[PDB]
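Here's the structure we're looking at; comments come further down.
Number of protein chains: 4
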Amino acid sequence: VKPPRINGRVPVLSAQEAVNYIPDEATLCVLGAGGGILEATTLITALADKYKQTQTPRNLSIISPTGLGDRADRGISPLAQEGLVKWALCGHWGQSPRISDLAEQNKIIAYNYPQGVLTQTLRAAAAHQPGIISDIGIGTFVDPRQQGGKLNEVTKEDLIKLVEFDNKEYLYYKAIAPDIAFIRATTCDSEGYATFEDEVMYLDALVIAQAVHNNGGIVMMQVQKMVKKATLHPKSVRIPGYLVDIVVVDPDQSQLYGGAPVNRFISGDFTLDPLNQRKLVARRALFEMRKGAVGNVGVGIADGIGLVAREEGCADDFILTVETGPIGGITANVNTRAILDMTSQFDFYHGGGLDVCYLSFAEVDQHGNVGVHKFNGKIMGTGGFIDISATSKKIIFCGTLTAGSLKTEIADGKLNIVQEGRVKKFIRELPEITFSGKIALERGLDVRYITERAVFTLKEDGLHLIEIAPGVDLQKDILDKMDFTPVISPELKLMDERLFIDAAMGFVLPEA
Amino acid sequence: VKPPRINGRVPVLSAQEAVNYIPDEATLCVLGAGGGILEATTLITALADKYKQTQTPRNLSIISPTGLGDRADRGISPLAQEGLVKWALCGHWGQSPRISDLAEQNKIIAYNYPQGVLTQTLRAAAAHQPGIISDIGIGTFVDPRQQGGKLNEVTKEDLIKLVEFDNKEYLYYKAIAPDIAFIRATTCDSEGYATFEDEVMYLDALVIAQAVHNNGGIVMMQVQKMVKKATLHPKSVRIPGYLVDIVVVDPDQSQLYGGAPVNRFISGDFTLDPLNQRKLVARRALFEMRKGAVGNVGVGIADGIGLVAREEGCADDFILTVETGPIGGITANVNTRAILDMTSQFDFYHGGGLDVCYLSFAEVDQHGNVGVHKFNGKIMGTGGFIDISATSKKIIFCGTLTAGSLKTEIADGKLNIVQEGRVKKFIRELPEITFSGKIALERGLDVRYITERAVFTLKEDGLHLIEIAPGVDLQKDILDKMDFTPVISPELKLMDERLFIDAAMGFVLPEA
Amino acid sequence: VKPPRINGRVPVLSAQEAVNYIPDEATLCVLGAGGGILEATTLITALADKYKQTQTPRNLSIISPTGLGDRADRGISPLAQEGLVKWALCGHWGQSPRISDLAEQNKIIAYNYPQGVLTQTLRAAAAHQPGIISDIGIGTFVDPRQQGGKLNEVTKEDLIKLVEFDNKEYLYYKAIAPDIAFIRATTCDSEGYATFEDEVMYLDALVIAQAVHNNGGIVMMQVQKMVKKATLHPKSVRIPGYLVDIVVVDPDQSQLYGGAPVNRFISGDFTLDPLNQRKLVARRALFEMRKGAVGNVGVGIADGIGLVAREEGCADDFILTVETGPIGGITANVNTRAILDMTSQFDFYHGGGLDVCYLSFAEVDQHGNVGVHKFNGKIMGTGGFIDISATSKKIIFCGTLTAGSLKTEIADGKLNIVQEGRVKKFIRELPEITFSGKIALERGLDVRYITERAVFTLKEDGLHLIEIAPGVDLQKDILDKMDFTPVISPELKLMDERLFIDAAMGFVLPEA
Amino acid sequence: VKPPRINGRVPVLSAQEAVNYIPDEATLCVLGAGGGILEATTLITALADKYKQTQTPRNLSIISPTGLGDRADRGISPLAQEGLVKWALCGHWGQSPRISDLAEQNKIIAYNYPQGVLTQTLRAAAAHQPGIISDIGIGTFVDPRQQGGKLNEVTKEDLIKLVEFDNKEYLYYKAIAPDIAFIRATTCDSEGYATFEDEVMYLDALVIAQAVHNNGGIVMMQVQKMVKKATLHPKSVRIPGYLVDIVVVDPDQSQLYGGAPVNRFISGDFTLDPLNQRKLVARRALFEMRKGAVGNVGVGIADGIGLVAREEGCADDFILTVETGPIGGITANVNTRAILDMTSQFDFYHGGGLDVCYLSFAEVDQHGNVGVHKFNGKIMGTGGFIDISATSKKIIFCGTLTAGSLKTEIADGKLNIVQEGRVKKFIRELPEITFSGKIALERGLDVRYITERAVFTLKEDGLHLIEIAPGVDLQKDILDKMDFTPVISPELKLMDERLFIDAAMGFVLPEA
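First to last, the sequence lines map onto chains F, V, P and S. Just so you know, the first sequence maps onto residues 4 to 276, 284 to 341, 349 to 529 in the UniProt record's numbering. Just so you know, the second sequence maps onto residues 4 to 276, 284 to 341, 349 to 529 in the UniProt record's numbering. Just so you know, the third sequence maps onto residues 4 to 276, 284 to 341, 349 to 529 in the UniProt record's numbering. Just so you know, the fourth sequence maps onto residues 4 to 276, 284 to 341, 349 to 529 in the UniProt record's numbering.
Here is the structure:
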């Protein structure tokens, strides 16, 4: 039961008034990405506050297409009060760690669909399609022959099923419709027609609204301001008003966490005019780039690639895409070239649209398998990791060879390990697989593992060590630091000297 | 083989040069809707001319998400030269009759997926998904238990398969990826980043470009003009440049057929300041609307409802959507409220988003089945007919009770049949089903049949005659004009007197 | 000396650095209007700071086209440090009372050209025209046969001359070019090309820049942000970059005083969806309006006219203009219809553009002269008072009959004077004239004086009392509160009954 | 005689009905520049048709701030029917030669104010100022000591007189207000509020509208389209609707003559991606430019300077402005940097804003006087020649040394005169002066004369020949071709060799 539209006007309520419409056992879908991107914060806050006061509502199911928050107490962490949530399906878990703490402790039912697939299943749910068929996730923990995307012991119901079409294997992911949506826009009119002029991006706001709407649910939308009916440009409207049931106006709405005023460069309206192991990894990663290539750099040790490219003078000769929608731009990013909706961005990725992608790793095993969704006893989830490493033409894994307070220095054109890491990242067998070396080889993909001391390539007989850093001993610093035996390439070479010098490399971008 | 990007710029070619890249047996996807909407005319023309002069390329497959053309010699009719096209899959067939003539004559393999499903399968193909699961089309000619969407005898290969998920029936539609795209935008930059500021709508341009791009195909895009790199607004860009392989610049590009100059009302930039049998049907159809309902712009006798609502002064109390993406507006419409891409519009329709849908009929049978895709020996195809009649809450069929130049006069608050139609439309059994009466009843839907002389409702025991026009004889003008016997409602009443008076009805729209 | 433009880039400096370029005895022109409108606050602050610390620069002349500030210590009040300013020409004086205090104490030379004329003379100085010829001010204190616009005893040099053209009297006003400008915009590119997208209005920013530029001076411009060269829309650029010598960037720049975040209704980008003595005068003033008439938004007791017209439902039937350039709109207005530069607005006023003009009064004498520029021993200055009262078709003076905490109660459809004002406003002879009753009659102008208790009209033989408020004694409340005897109209009536009733009047605006 | 605004709507009429409001002896002001720029063509056409058919209205006065037309039968040429025009005042005369033919034959009273001054006097008229005081035109034919702006014998009444202020000489130009205006915009709302989004520029449309409006006249505005009230952006509106009395809608309205469709590069909305005597002169003219200079390249042999600059790679190091408003841009122009209204542009010029101006000459005399307004027994008028040559810092006159079928050829680094001109352009004494060498030297300006064969500089003792083309004889090709003897510089040198070589000069623009 939703509040009625008096004279066609969308009901405007306080966030407190709005969350009173959430019943027990509602399935709530939360729009947003990291650091407050498109987050309906007042709604999340109101719901957390209501439960802290009344212990209602109870036993909600959460769908969070991507990870909200600050990797601490923001995002949907405030909703991790015991009894409020009973079940969650998220594309990324570590960004709101209070919820993943609940999953770790078997206190909630917990699934992780690949972020891209997840938003695709919400779009299917909008259309009352029962699920989607995709080979994204075959051979990983989301494959039912492994964990079926289940994150803990208490999670039992099979959502993902193995199916066959054209004599090929695919996964079938069940499409689940939400009952409630917390979405957000910059501005809407008196009938709820909404524009995103100052938002960092779009994500899958329309998809979420349609899925909840067509499930007889309540769409609640936070906006910064409301305007007169039919005065927005029709080509700027991203959500038709009839999809929205309740509007909350937050005149203090901020583009990102931190309360900074609207930045119109971030909005897209104006054109804006240190050698460590992380720069080293980003540098060697750039060597994998080609002229005209479409790539994706992931958060982590490689996210410096764009900067290195700018330093090297080749940043305009390829294009980097962001999983959530933005295309191009410089360090939120500014001077973007385009912004797609998140679902469409993932459709592109799934079909092998990326020439090169760069992903972090927590662990690598003898098979070339990579883990990121669980490590160190913690649940992190995938984000778009599976969507990106499943079919991209070249997969470039980036990270240090060891972990746990590793300290290095790059001086005199060499790598100095001043304090070796406590933890081996190169292990015999992954407890759980996020990326399958076997499937990537079956798909004909080119797989690299770039570290600060060593570079490997995946082959049919495992990892071949192809490059070794200056200042590093093969036996003591590499072979003694891995819990498996890599093939040593007969072509083994020192890593390019330029990488280790604190000056522009004179790198010239190859054209294939 | 595609032309190389020189200096990072998208290759710019004449239409003639561009079409020389199309090999024998390629699968060509053509963007566009009726009357020139988003049609890359210079590319269709050049391809037609090349075959006329050289009889190359040969044996192409065509995918046409919706119907292009003018119901005569434009659209893809120029491509109906014998030997050029071997195979076609279209969401609508009558808009380019030369192509549908080849289908009727068994000269080409010919399939009709529901337009909405068709564009969704292209989106699936972009993602390398093998097909989609949907209950849209169950119980109709697209059902493999009937014709499986095959339009003639020569068409043999099954593309649609019956599947089961959670003890429910669904159709599995195979996703086919094209090899070549003819797309279009208003403007692009030197790297192919494209905006649609002057286009009537967006259709599924991005979906088509992604589908062809991720199938290693060639995307060819017609634009009116090109601008300096990175000078377009990132939030206005609908097609990222890396999806585009060839740009054709047509300075004389027209929004619609007819050569008229750009109309900035049609672009969305500015706000614009007879009682016959068709108006009669549109008026009675308006009675089915209520405040706050979402309905669709109908094609045919139903298209006059908006104008009637305006006359009665209730046009702002509800919203009509257009299958191809536009939402709201007045008579290409102007003063629209929003424009979605076409695929997302059908996602909405499939999930039962329409409270009311208005559709024409060619034939109705004793089971309440409706036929429009084939009649009078001709292939028309569906357009969005199945996508809209499958799950919409109220299904309102509109048309005259007989066909073949029926003439009536509305005089003295009565209907006078002055020249009875030659052809009976209410027949015993449909040779081919576009809409299933049984399925609609299973789905809980409210089904009306509105004619100029009589109104019916579908019930479990068949059609109930509920209303009769003043001036008409039940026996001679209705019963004798149907090949089956409807149930006569015991509450049988005259159609509202005001419908038949040539003044404003003073109609008041029912509450929300 | 101005800083060099490195590679064509406009020098960017801190406000502190920028103000170091100001030498002793510079003529400084300061952009802005009341309450922070278009005020380069960092530049005023930095200059005031500089003088407080160093007692340099010295003996500056100020030109301030209109009044800046908050009628207290903001605006150019910080510049009222003795020794800093020696001379000032301002269009309004009471908005920055520390400066007018200096003028009252004969501490500076002090002139008041009418605001419209003053901005016209700056435009003249841009063109190196020696002065302007206008009949605006004839018969007032700005007329050299009176005070010549000199505000104190220390002010001696004649700036204004009586001249003769076409057998008519005119004033010649000397055009004085400034040496330094403090201007402001929202955004500029790297070459100084500036846009005003978020500013409340434009004022005379371009005029100031040209005047200073063509006088070999230094133009200093505060902006909120800077963008890449040539990325701003050429038709939004109000100031060509070659006019700008130094830019100061203030990322925290606020539309008005108060530090509120940018309001996009105020920017012009979006459409926004008690009966006391002041409302009473506003109501009676509205009676003077007619459909299609062009009026001014008044400053003072007149400012309520728009809200009364909205209450009465006739706000859209006429247009009110703002002296500083905005046209139309609702309560910084929002939903304006147009924004002109300030000088053009006054061009319009000077030629008799206003059908109706609403103005406050401090004093009225027996000749119907009005005084606002001096009273109660203080200098207020004119603002646009003379520009608007000189030639508007109807001149409607609005104010209470007495001053000095007059308190009234409007109960039972009558006026009750509960506390009489201590000061008589209707005196025998104005010591200094702001509006000439004689010149108004010569010009054929219709002149009204509306009070809470009485309404007068100026005639050839003096003020005629035409209306008396119910509840008021003619002798004690009116005649005894004036130092002259008005003619009592034979047609003297009570003020319209509805004015004194606390409900909507049912007022019908007179026809065009 | 003006049509009433029904319900606040501006009267919309055909051009034929519109011109019916023009009475005998009205003063008509016509907006527009060369080649159809901002020309209300339908209104000129309809007035011209009315007179051709009815011989009314009669004896109109024409004010044309600048020259309209194609130097033939367009512009205001259609208005040159005998008895229609009695009196004309234009800033330029050669652009509509049929009207100047009338002046030449003493058929009409004919004046030429300098273009800039003329538009300034219309602005002064809007404010009911009687005239403007300006030193622009001192010592030229507009000086009453010479011709007083009068173009023929029948022109008697004095409009321009000599005055004195600050013991300096000035011209006083009488301000004449028109009774009728033909203005134009792109779009207006239903109340006349007008925007110029697709117009080439703004010229002085607002000034003309205010001038006529405040003279109780009729303002007629041609637009391409009309829109709903209050839907245009207020910051885009250039003309407030209450200034407009009749609107004429021409849906076929073209940006320029020739009926080409709207060009959005010309509108300002998008960023666009042979050695003869003319190029030679343009090249030598470029030598006079420096980095950071503000220039104005004029009509004729100079107009090639921008292209030469682009060719030499220094086009972005200085800025050229156009007298009618546009600033910057490339070959109407595109990629402009800003567009001022015309009057404001001339304010800037009048105050010495131009560092360099480039002007054409018809005749030069021994004193360095230049003639362009009259030559070869024809009236050309000034355009903005006087406004620009009066106070600009450097005045570069550009032309050939002789006229009338002069053919030259440049190769082997020399000038070859193949056919000498019939007409000597360097004469003893100008019959009428357009530019005064004496006045320029008084004002301390640097005056150059560039021809294909010789370069001169004006000094106190006349023209110094400072440069001579290679391949040319001093006595035969220069001295024998002049009617006075120039001073031969002792530093006389060959014109730069690179000027006469068909390759890039490697020219470096001197520093700021």
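Heads up, the beta-carbon is just placed ideally off N, CA and C, and yes, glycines get one too.
Check, Outcome
"Below-8 Å beta-carbon distance, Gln256/V vs any chain A residue", "In the structure shown, chain A does not exist; the protein chains are F, V, P and S."
"Burial state of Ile79/S (16 or more Cβ within 10 Å)", "buried"
"Proximity below 8 Å, CB of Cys191/P to CB of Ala184/P", "no"
"Member of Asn217/P, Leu432/P, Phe452/P and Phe363/P whose CA lies at the smallest distance from the CA of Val332/P", "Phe363/P"
"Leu125/F vs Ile186/F beta-carbon contact at 8 Å", "no"
"Assumed close pair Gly134/V, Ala178/V - CB separation to whole angstroms, cut-off 8 Å", "5 Å"
"Contacts of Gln227/V in chain F (Cβ-Cβ under 7 Å)", "Going along chain F, no residue has its Cβ under 7 Å from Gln227/V, so there is no contact; the nearest lies around 16 Å."
"Start and end residues, beta strand (DSSP E) containing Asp463/V", "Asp463 to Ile467"
"With 16 other Cβ atoms within 10 Å as the buried cut-off, status of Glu200/V", "buried"
"Beta carbon proximity, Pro264/F to chain P, threshold 8 Å", "yes"
"Sub-8 Å separation of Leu41/V and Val22/V beta-carbons", "no"
"Cutoff 8 Å: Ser193/P Cβ touching any chain F Cβ", "yes"
"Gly401/P at chain S interface by Cβ criterion, 8 Å", "no"
"Selected residue, minimal CA-CA separation from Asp429/P, among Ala486/P, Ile396/P, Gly461/P and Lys441/P", "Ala486/P"
"Own chain residues within Cβ distance below 8 Å of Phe168/V, not counting five before or after", "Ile136"
"Selection of the segment 116-143 of chain V by Cβ proximity to chain F, strictly under 9 Å", "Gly119, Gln123, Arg126, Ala127, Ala128, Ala129, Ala130, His131, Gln132, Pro133, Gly134, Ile135, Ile136, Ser137, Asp138 and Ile139"
"Closest by C-alpha distance to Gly323/S, when choosing among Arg465/S, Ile139/S and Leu526/S", "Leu526/S"
"Residue-chain proximity (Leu154/F, chain V), Cβ-Cβ < 8 Å", "no"
"Residue of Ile450/S, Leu50/S, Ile396/S and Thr419/S minimising C-alpha distance to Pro147/S", "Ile450/S"
"Neighbourhood of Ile495/P by C-beta, 6 Å cutoff - its chain only, sequence neighbours within 5 removed", "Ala471"
"Short-range partners of chain F found in the segment 217-246 of chain V, where Cβ spacing is below 7 Å", "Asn217, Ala233, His236, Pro237, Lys238, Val240, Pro243 and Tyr245"
"In chain order, each beta strand (DSSP E) run of at least 3 residues that lies wholly inside the segment 421-465 of chain S", "424-428 and 431-436"
"Other residues of its chain near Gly388/P: CB distance less than 7 Å, five sequence neighbours each side excluded", "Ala379, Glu380, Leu447, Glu449, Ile450 and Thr451"
"Candidates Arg101/V, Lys232/V, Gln149/V and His216/V, of which the one nearest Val4/V by Cα", "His216/V"
"Any C-beta of chain P under 8 Å from that of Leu275/F", "yes"
"Cβ pair count under 8 Å reaching 3, the segment 497-514 of chain F against the segment 437-446 of chain F", "yes"
"Contact check, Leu482/P vs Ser506/P, beta carbons under 8 Å", "yes"
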